[PDB]
Amino acid sequence: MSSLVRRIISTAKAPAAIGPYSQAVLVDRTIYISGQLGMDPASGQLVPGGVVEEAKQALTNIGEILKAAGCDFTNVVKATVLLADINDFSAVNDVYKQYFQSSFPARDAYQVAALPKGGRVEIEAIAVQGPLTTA
Amino acid sequence: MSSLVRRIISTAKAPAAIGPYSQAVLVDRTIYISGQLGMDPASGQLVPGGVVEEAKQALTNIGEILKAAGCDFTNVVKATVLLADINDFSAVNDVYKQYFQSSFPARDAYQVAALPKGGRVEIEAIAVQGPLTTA
Amino acid sequence: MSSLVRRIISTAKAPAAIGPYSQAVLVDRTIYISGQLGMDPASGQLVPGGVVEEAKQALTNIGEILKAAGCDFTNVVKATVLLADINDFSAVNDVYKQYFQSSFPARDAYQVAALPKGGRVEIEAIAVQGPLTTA
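Residues numbered from 1 in each chain as written, not as in the entry; some residues may be left out. Chains lettered and ligands numbered in written order. Heavy atoms only, no water.

**Let's talk about the interface of chain B and chain A**
Counting residues at the interface gives 28 residues for chain B, matched by 28 residues for chain A. Both sides of the chain B and chain A interface together cover about 2,200 Å² of buried area, and 58% of this is carbon and sulfur. Where chain B packs against chain A, one counts zero salt bridges. If you look at where chain B meets chain A, you find twelve residue pairs in polar contact. At the level of secondary structure, the elements contributing two or more residues to the side of chain B that touches chain A comprise β3 (30–36), β4 (76–83), α2 (89–97), β5 (106–111) and β6 (121–128) of chain B. Top contributing element to the side of chain B that touches chain A by residue count: β5(B), with six residues. (Contact = heavy atoms within 4.5 Å. Buried area = accessible area lost by both parts, 1.4 Å probe. Salt bridge = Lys/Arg side-chain N within 4 Å of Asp/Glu carboxyl O. Polar contact = N/O pair within 3.5 Å; in protein donor to acceptor, adjacent residues only side chain to side chain. Helix = DSSP H or I, 4+ residues; strand = E, 2+ residues; numbered from the N terminus.)

In structure tokens, the structure reads:
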């Protein structure tokens, strides 16, 4: 019956909420990060250039939320890649892989019917606050 | 190598299962709640009135499952809103927000191809059993 | 500020990765398992026979990943069943139920627009390493 830490993670380096959600919630040591679109943090608008540019921006936004929680991409344990078009799998994979210098997280990836704002990709993530042990 | 608590959460105040799943599982302090449709608990039928009425019922059902586990909406840390139609985002958001009097959970929301029973909305949730600390 | 265990789970009894992900990640006591298609572990090809055969293979693959982490299906706490066609719900349920001899996990199940490789079903899972307590 200990009181576990629960903290809302919020940074102006990631887009403002455009509905009733927080950017991320840290609870105990697990960080649940809200799905990120390829939105520019300053404007809230999707960046032009289609799925590859959107994917880069979405991952940049996750990176800023991780940083706010004292983490980096090495703390991610599970991610989800939602696509508007399954044909973009290869292209998104090549972007995604550049954000992990070490062992990849668990992952799910597939096509949904529609994302908010007509996005072409959304990235969701679960991280665990460090320190974490090595193999 | 402690033995962690794992408990099936079951209440007659939420719909009966219509396949091989439990309403929720508590494991350690985390509660994984099965996605709820706008089903009436007594009948198992979707409530009439479309997405807004379904969303209200789905959230009521989650509330009853949280209550069974000694929790309320303040214990939710992450939710997922699956829509049959992305155009219902605004309407569902206005329903959803009424269930959180405090800081919102992390969230994902988007359109899938089809839900069981022709539902227009499904709400999934992860909660952590209290006590939880405040900011 | 303890260092929590984080381990990549990898077994040749499940399919090789065909992108930048691990089969599963164990972190503390929670195991996040990447979504499994009905892929033959030796070939990486989808097994013939459609959704029922694919579902059996996907669940077999999850079973091998659980075994690698010292677990079995009784350790699963939450699963997700993604379908290419909602009409396959009954058939997939009858396969799925055969993998749980005890109380079912929490679950989500619904239709997405498309899965990798034209799969008809994907199964995702979260498990917790034992020992777990009984009711």
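**Description of the relation of the copies chain B and chain A**
Rotating chain B by 120° about the axis while translating it 0.0 Å along that axis superimposes it on chain A, leaving an RMSD of 0.0 Å. Both chain copies can therefore be described as sitting about a three-fold axis. When the interface residues of chain B are mapped onto chain A, a mere 14% of them again fall at the interface, so the copies present different faces. (Least-squares fit on C-alpha atoms.)

**Notes on the pattern of salt bridges**
Residue and element names in this part refer to chain A. Taken as a whole, this structure holds nine salt bridges over all chains when the rule is applied. A salt bridge links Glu53 to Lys56; the shortest N-O distance between them is 3.4 Å. Of this pair, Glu53 and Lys56 are both found in helix α1 (residues 51–68), three residues apart, which corresponds to roughly one turn of the helix. Its relative accessible area of 35% is what places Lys56 among the partly exposed residues. (Buried < 20%, exposed > 50% of the residue type's maximum accessible area, 1.4 Å probe, protein only.)

**Observations concerning α1(A)**
Residues and elements named next belong to chain A. Compared with the 26 Å implied by 1.5 Å per residue over 18 residues, the 26 Å span of α1 between its first and last C-alpha is a close match. For α1, the full list of buried residues reads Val51, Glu54, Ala55, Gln57, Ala58, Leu59, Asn61, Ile62, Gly63, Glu64, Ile65 and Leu66. Where α1 is buried, its residues meet β1 (6–9), β2 (24–27), β3 (30–36), β4 (76–83), α2 (89–97) and β6 (121–128). Directly after α1, the chain includes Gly70, whose backbone phi takes a positive value near 70°. (Expected span 1.5 Å × (residues − 1).)

**With respect to the sheet that holds β2(A)**
All names here are of chain A. Strand order across the open sheet formed by six strands is β1-β2-β3-β6-β4-β5, with mixed pairing between neighbours. Unpaired on one side and paired on the other, β1 and β5 (106–111) mark the two borders of the sheet. If you compare each strand with its neighbour and ignore which way they point, the axes differ by 10° on average. The pairing of β3 with β6 spans five bridges and is classified as antiparallel. Among the inter-strand pairings, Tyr32 is bridged to a residue of β6, identified as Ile126. Where α2 meets the sheet, its contacts fall on β4, β5 and β6, and the angle it forms with β4 comes to roughly 150°. (Pairing = 2+ DSSP bridges. Axes fitted to C-alpha atoms, helices over the stretch in contact; angles between N-to-C directions.)

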